[PDB]
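Participant: Quick one: structure below, then a few questions.
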Amino acid sequence: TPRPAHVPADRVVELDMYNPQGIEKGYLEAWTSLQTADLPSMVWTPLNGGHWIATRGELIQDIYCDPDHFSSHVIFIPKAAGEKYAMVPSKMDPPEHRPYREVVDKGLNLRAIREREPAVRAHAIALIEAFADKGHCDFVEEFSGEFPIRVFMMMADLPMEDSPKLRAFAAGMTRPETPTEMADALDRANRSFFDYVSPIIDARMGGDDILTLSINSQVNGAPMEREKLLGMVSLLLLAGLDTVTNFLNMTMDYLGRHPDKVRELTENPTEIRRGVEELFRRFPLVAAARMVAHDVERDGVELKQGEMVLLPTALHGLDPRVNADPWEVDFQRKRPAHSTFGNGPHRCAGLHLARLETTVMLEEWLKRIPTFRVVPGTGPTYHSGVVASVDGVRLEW
Ligand code: HEM
């Protein structure tokens with residue numbers, strides 16, 4: 001197989017990150033296939049312009065916490081997919097990353113998410129009781145595709161029905177359509193909503209929100225640049241609307257096929273909050289990438305500057321080398337080491353909102369629907385990429 005000289009032959013697998021083999025059997029089961037086999041902790045693929053793939057769990061944590069040799073200047077695959085139009089501070093490296101994260105953390109820290117807790121759970125309550133009487137529901141189109149969106153719009157703009165039609169912008173950045181066309185499709189997918197957020201940063205540059213608190217924030221005694229200010233507000237809409245609607249689908253479907261696990265939470269309701277990150281360990285969906293900065297040797301192979309390394313976070317929480325029996329959900333597990341929210345300086349700034357949205361879901365779904373099941377003979381349709389999409393969850397009770 002055509003490949004550079006510094007990569008061996010036993011470390012080569014044909015794997016498209018946007019369409020892996022066995023994706024129809026499960027996004028989690030498809031990516032864990034590289035662990036059940038006998039492959040080193042680091043593997044390489046010729047698809048999408050060629051890039052490395054970290055497979056072992058403890059190696060993914062080591063790459064995230066090493067920004068000196070793994071730069072964030074390129075986070076998407078293929079290599080030249082997210083150029084010119086860059087998101088902030090996802091595509092930044094320290095010490096440049098430090099001041100711009102303080103802007104996103106100004107409104108997304110724990111205290112700011114906690115002051116909205118009674119309002120967030122109000123959405124879950126008003127959304128569940130609209131179908132709790134009918135005994136069934138299309139969970140993807142009556143909650144998971146509504147509850148997280150309505151929460152973030154209440155914090156930001158309230159465009160009603162016109163942003164959910166535009167929420168496909170995030171679908172264009174994590175599942176575009178040859179590396180040349182992937183970049184050109186992501187190019188227009190990035191600028192079409194880069195122009196949509198432009199009339200929002202200027203009309204809100206005075207005062208009085210969650211995006212306004214970020215635009216009016218200063219950096220070293222001066223506001224942010226239009227390219228670096230539009231990229232920050234655009235990143236908040238991306239992860240805030242796409243990386244959470246997909247998590248609720250694959251979790252409630254798992255709980256619908258495990259009548260004992262849901263009974264464990266109904267008996268002890270305090271185990272929900274105390275075991276929230278156990279769901280994040282079992283169900284990770286993000287697969288971020290990094291560009292190697294300097295020539296480094298990790299896992300017995302040398303990585304040359306300019307290459308891309310993929311970090312599928314699904315191979316950290318589901319790694320049997322770190323978590324004993326990674327398939328079973330142990331709410332009482334002591335040390336559930338995961339990388340669902342990433343690691344290092346690029347930690348999920350909205351992990352507390354994710355932890356709060358999932359707790360107010362389970363606490364209000366089980367208080368009204370204790371027993372529930374998935375519709376028999378049905379299942380989701382899994383689509384991979386930078387952020388796993390997945391669709392098709394139907395519940396009965
Ligand atoms: C709900 C489940 C979510 C998951 C599983 C998730 C996952 C991730 C992951 C894996 C990263 C690391 C990216 C990288 O290393 O390049 C990340 C970064 C980030 N996420 Fe999320 N995300 C979620 C929701 C959110 C929400 C609701 C927000 C709200 C704005 C958000 C804001 C961010 C930001 C700002 C970063 C970049 C942090 C930095 O550059 O230092 N995320 N997320």
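By convention in this document, the chains of the structure tokens carry letters A, B, ... by their order, each chain's residues are numbered from 1, and ligands are numbered from 1 in the order they are shown.
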Chain A near ligand 1 within 7 Å: what's each residue's closest atom pair and its distance in Å to one decimal, counting only C-alpha atoms and all ligand atoms, ordered by chain then ascending residue number, as JSON lines?

Facilitator:
```
{"residue": "A:64", "atom": "CA", "partner": "ligand 1", "partner_atom_place_in_ligand_line": "15 (O)", "distance": 6.8}
{"residue": "A:72", "atom": "CA", "partner": "ligand 1", "partner_atom_place_in_ligand_line": "16 (O)", "distance": 6.7}
{"residue": "A:75", "atom": "CA", "partner": "ligand 1", "partner_atom_place_in_ligand_line": "16 (O)", "distance": 5.9}
{"residue": "A:88", "atom": "CA", "partner": "ligand 1", "partner_atom_place_in_ligand_line": "40 (O)", "distance": 6.7}
{"residue": "A:89", "atom": "CA", "partner": "ligand 1", "partner_atom_place_in_ligand_line": "40 (O)", "distance": 4.3}
{"residue": "A:90", "atom": "CA", "partner": "ligand 1", "partner_atom_place_in_ligand_line": "40 (O)", "distance": 3.5}
{"residue": "A:91", "atom": "CA", "partner": "ligand 1", "partner_atom_place_in_ligand_line": "40 (O)", "distance": 6.9}
{"residue": "A:92", "atom": "CA", "partner": "ligand 1", "partner_atom_place_in_ligand_line": "40 (O)", "distance": 7.0}
{"residue": "A:97", "atom": "CA", "partner": "ligand 1", "partner_atom_place_in_ligand_line": "41 (O)", "distance": 6.8}
{"residue": "A:101", "atom": "CA", "partner": "ligand 1", "partner_atom_place_in_ligand_line": "41 (O)", "distance": 5.7}
{"residue": "A:104", "atom": "CA", "partner": "ligand 1", "partner_atom_place_in_ligand_line": "35 (C)", "distance": 6.2}
{"residue": "A:108", "atom": "CA", "partner": "ligand 1", "partner_atom_place_in_ligand_line": "29 (C)", "distance": 6.8}
{"residue": "A:235", "atom": "CA", "partner": "ligand 1", "partner_atom_place_in_ligand_line": "35 (C)", "distance": 6.5}
{"residue": "A:236", "atom": "CA", "partner": "ligand 1", "partner_atom_place_in_ligand_line": "30 (C)", "distance": 4.0}
{"residue": "A:237", "atom": "CA", "partner": "ligand 1", "partner_atom_place_in_ligand_line": "30 (C)", "distance": 6.7}
{"residue": "A:239", "atom": "CA", "partner": "ligand 1", "partner_atom_place_in_ligand_line": "25 (C)", "distance": 4.6}
{"residue": "A:240", "atom": "CA", "partner": "ligand 1", "partner_atom_place_in_ligand_line": "27 (C)", "distance": 3.7}
{"residue": "A:241", "atom": "CA", "partner": "ligand 1", "partner_atom_place_in_ligand_line": "27 (C)", "distance": 7.0}
{"residue": "A:243", "atom": "CA", "partner": "ligand 1", "partner_atom_place_in_ligand_line": "3 (C)", "distance": 4.9}
{"residue": "A:244", "atom": "CA", "partner": "ligand 1", "partner_atom_place_in_ligand_line": "1 (C)", "distance": 3.8}
{"residue": "A:247", "atom": "CA", "partner": "ligand 1", "partner_atom_place_in_ligand_line": "2 (C)", "distance": 6.8}
{"residue": "A:284", "atom": "CA", "partner": "ligand 1", "partner_atom_place_in_ligand_line": "5 (C)", "distance": 6.3}
{"residue": "A:285", "atom": "CA", "partner": "ligand 1", "partner_atom_place_in_ligand_line": "5 (C)", "distance": 6.3}
{"residue": "A:286", "atom": "CA", "partner": "ligand 1", "partner_atom_place_in_ligand_line": "10 (C)", "distance": 5.1}
{"residue": "A:287", "atom": "CA", "partner": "ligand 1", "partner_atom_place_in_ligand_line": "10 (C)", "distance": 6.8}
{"residue": "A:288", "atom": "CA", "partner": "ligand 1", "partner_atom_place_in_ligand_line": "16 (O)", "distance": 5.2}
{"residue": "A:289", "atom": "CA", "partner": "ligand 1", "partner_atom_place_in_ligand_line": "16 (O)", "distance": 6.5}
{"residue": "A:313", "atom": "CA", "partner": "ligand 1", "partner_atom_place_in_ligand_line": "10 (C)", "distance": 6.9}
{"residue": "A:340", "atom": "CA", "partner": "ligand 1", "partner_atom_place_in_ligand_line": "5 (C)", "distance": 5.3}
{"residue": "A:341", "atom": "CA", "partner": "ligand 1", "partner_atom_place_in_ligand_line": "10 (C)", "distance": 4.3}
{"residue": "A:342", "atom": "CA", "partner": "ligand 1", "partner_atom_place_in_ligand_line": "10 (C)", "distance": 4.0}
{"residue": "A:343", "atom": "CA", "partner": "ligand 1", "partner_atom_place_in_ligand_line": "15 (O)", "distance": 6.7}
{"residue": "A:345", "atom": "CA", "partner": "ligand 1", "partner_atom_place_in_ligand_line": "41 (O)", "distance": 5.4}
{"residue": "A:346", "atom": "CA", "partner": "ligand 1", "partner_atom_place_in_ligand_line": "41 (O)", "distance": 3.4}
{"residue": "A:347", "atom": "CA", "partner": "ligand 1", "partner_atom_place_in_ligand_line": "38 (C)", "distance": 5.1}
{"residue": "A:348", "atom": "CA", "partner": "ligand 1", "partner_atom_place_in_ligand_line": "20 (N)", "distance": 3.9}
{"residue": "A:349", "atom": "CA", "partner": "ligand 1", "partner_atom_place_in_ligand_line": "33 (C)", "distance": 4.6}
{"residue": "A:350", "atom": "CA", "partner": "ligand 1", "partner_atom_place_in_ligand_line": "28 (C)", "distance": 3.8}
{"residue": "A:351", "atom": "CA", "partner": "ligand 1", "partner_atom_place_in_ligand_line": "24 (C)", "distance": 6.0}
{"residue": "A:353", "atom": "CA", "partner": "ligand 1", "partner_atom_place_in_ligand_line": "27 (C)", "distance": 5.9}
{"residue": "A:354", "atom": "CA", "partner": "ligand 1", "partner_atom_place_in_ligand_line": "1 (C)", "distance": 4.4}
```

Participant: So that each row is one residue of segment 1-42 of chain A with an atom at most 12 Å from segment 176-191 of chain A, can you give its shortest atom pair and the distance in Å to one decimal, using only C-alpha atoms, rows by chain and rising number, as a tab-separated table?

Facilitator:
```
residue	atom	partner	partner_atom	distance
A:16	CA	A:178	CA	11.2
A:17	CA	A:176	CA	11.7
A:18	CA	A:176	CA	8.7
A:19	CA	A:177	CA	11.2
```

Participant: Print the selection's residues with C-alpha atoms to a file, as an mmCIF file, in the first residue's frame.

Facilitator:
```cif
data_model
loop_
_atom_site.group_PDB
_atom_site.id
_atom_site.type_symbol
_atom_site.label_atom_id
_atom_site.label_comp_id
_atom_site.auth_asym_id
_atom_site.auth_seq_id
_atom_site.Cartn_x
_atom_site.Cartn_y
_atom_site.Cartn_z
ATOM 1 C CA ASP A 16 -12.740 6.135 6.297
ATOM 2 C CA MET A 17 -13.448 8.291 9.349
ATOM 3 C CA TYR A 18 -16.697 9.509 7.738
ATOM 4 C CA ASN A 19 -17.854 5.988 6.791
#
```

Participant: If you run DSSP over the backbone, which residues in segment 301-380 of chain A end up strand (DSSP E)? Put them as a PyMOL selection string.

Facilitator: chain A and resi 301-303+308-312+373-374

Participant: Please determine, counting only C-alpha atoms, which residue among A:292, A:151, A:301, A:366 has the shortest atom-to-atom distance to residue 269 of chain A.

Facilitator: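 Looking only at the distances to residue 269 of chain A, the closest residue turns out to be A:366.
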
Participant: Between A:119, A:170, A:132, A:203, which residue has the minimum interatomic distance to residue 154 of chain A, considering only C-alpha atoms?

Facilitator: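 Residue with the minimum atom-to-atom distance to residue 154 of chain A: A:119.
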
Participant: Closest to residue 174 of chain A among A:329, A:65, A:77, A:28, using only C-alpha atoms?

Facilitator: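 Result for the nearest residue to residue 174 of chain A: A:77.
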
Participant: Which residues, written as a PDB file with C-alpha atoms, in the first residue's frame, have at least one atom at most 10 Å from residue 34 of chain A, with only C-alpha atoms counted and residues fewer than 6 positions away on the same chain left out?

Facilitator:
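Output below, filename part.pdb:
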```
ATOM      1  CA  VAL A  13      -5.827  -0.177   7.831  1.00  0.00           C
ATOM      2  CA  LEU A  15     -10.706   3.127   7.440  1.00  0.00           C
ATOM      3  CA  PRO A  40      -0.517  -1.351  17.987  1.00  0.00           C
ATOM      4  CA  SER A  41      -1.727   1.677  19.950  1.00  0.00           C
ATOM      5  CA  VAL A  43      -2.304   3.040  13.333  1.00  0.00           C
ATOM      6  CA  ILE A  53      -5.324   7.138  14.209  1.00  0.00           C
ATOM      7  CA  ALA A  54      -4.802   6.713  17.954  1.00  0.00           C
ATOM      8  CA  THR A  55      -6.472   3.501  19.132  1.00  0.00           C
ATOM      9  CA  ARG A  56      -5.418   2.752  22.715  1.00  0.00           C
ATOM     10  CA  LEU A 315     -11.640   4.299  22.010  1.00  0.00           C
TER      11      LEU A 315
END
```

Participant: Of the residues A:228, A:220, A:29, A:213, which is the one nearest to residue 105 of chain A, using only C-alpha atoms?

Facilitator: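 Closest to residue 105 of chain A of all the choices is A:213.
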
Participant: Fewer than 2 positions away in the same chain doesn't count, so skip those; otherwise give me all residues within 9 Å of residue 167 of chain A, counting only C-alpha atoms, as JSON, numbers by chain.

Facilitator: {"A": [162, 163, 164, 165, 169, 170, 171, 237, 238, 241, 242]}

Participant: Write a file of the just-selected residues containing C-alpha atoms, as a short mmCIF file (atom, residue, chain, number, x, y, z; two decimals), in the first residue's frame.

Facilitator:
```cif
data_model
loop_
_atom_site.label_atom_id
_atom_site.label_comp_id
_atom_site.auth_asym_id
_atom_site.auth_seq_id
_atom_site.Cartn_x
_atom_site.Cartn_y
_atom_site.Cartn_z
CA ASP A 162 -35.37 29.61 11.47
CA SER A 163 -32.25 28.39 13.29
CA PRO A 164 -33.30 24.70 13.43
CA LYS A 165 -33.58 24.89 9.65
CA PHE A 169 -24.66 24.13 9.13
CA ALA A 170 -23.13 21.98 11.86
CA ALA A 171 -23.94 18.90 9.76
CA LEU A 237 -23.56 27.44 17.92
CA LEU A 238 -21.80 24.37 16.48
CA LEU A 241 -26.59 22.39 18.91
CA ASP A 242 -25.08 19.20 17.43
#
```

Participant: May I ask which of the residues A:318, A:137, A:113, A:229 is the closest one to residue 373 of chain A, counting only C-alpha atoms?

Facilitator: A:137

Participant: If you run DSSP on the backbone here, which positions in segment 207-333 of chain A get helix (DSSP H, G or I)? Please write them as a PyMOL selection string.

Facilitator: chain A and resi 212-215+226-242+245-256+259-267+271-274+277-282+314-317

Participant: Please list as a list in words every residue within 10 Å of residue 134 of chain A, counting only C-alpha atoms and excluding residues in the same chain fewer than 4 positions away.

Facilitator: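 Returned residues: residues 129, 130, 396 and 397 of chain A.
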
Participant: Any chance you could export the current selection's N, CA and C atoms as a PDB file, in the first residue's frame?

Facilitator:
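Everything below was put into result16.pdb:
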```pdb
ATOM      1  N   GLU A 129     -44.067  16.036  29.162  1.00  0.00           N
ATOM      2  CA  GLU A 129     -45.491  15.926  29.456  1.00  0.00           C
ATOM      3  C   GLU A 129     -46.375  16.180  28.241  1.00  0.00           C
ATOM      4  N   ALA A 130     -45.804  16.609  27.115  1.00  0.00           N
ATOM      5  CA  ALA A 130     -46.583  16.775  25.896  1.00  0.00           C
ATOM      6  C   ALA A 130     -46.874  15.446  25.215  1.00  0.00           C
ATOM      7  N   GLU A 396     -41.399   3.260  23.678  1.00  0.00           N
ATOM      8  CA  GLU A 396     -42.751   2.878  24.055  1.00  0.00           C
ATOM      9  C   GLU A 396     -42.801   2.624  25.554  1.00  0.00           C
ATOM     10  N   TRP A 397     -43.980   2.828  26.134  1.00  0.00           N
ATOM     11  CA  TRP A 397     -44.179   2.584  27.558  1.00  0.00           C
ATOM     12  C   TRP A 397     -45.661   2.440  27.886  1.00  0.00           C
TER      13      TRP A 397
END
```

Participant: Using only C-alpha atoms, determine which residues lie at most 9 Å from residue 121 of chain A, disregarding the query and same-chain residues fewer than 5 positions distant; provide the list as a list in words.

Facilitator: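 Here the qualifying residues turn out to be residues 116, 126, 356, 357, 359, 360, 361, 363 and 364 of chain A.
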
Participant: Store the residues picked out above, limited to C-alpha atoms, as a compact mmCIF listing (two decimals), in the first residue's frame.

Facilitator:
```
# COMPACT_ATOMS: atom_id res chain seq x y z
CA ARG A 116 -30.06 28.58 34.62
CA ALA A 126 -42.73 20.93 29.38
CA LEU A 356 -26.71 19.56 33.72
CA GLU A 357 -28.81 18.86 30.61
CA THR A 359 -29.22 15.16 34.74
CA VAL A 360 -32.38 17.23 34.29
CA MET A 361 -33.42 14.80 31.54
CA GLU A 363 -34.49 13.19 36.68
CA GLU A 364 -37.66 14.35 34.90
```

Participant: Just give me the gap between atom CA of residue 376 of chain A and atom CA of residue 317 of chain A in Å, one decimal is fine.

Facilitator: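 Interatomic distance here is 28.2 Å.
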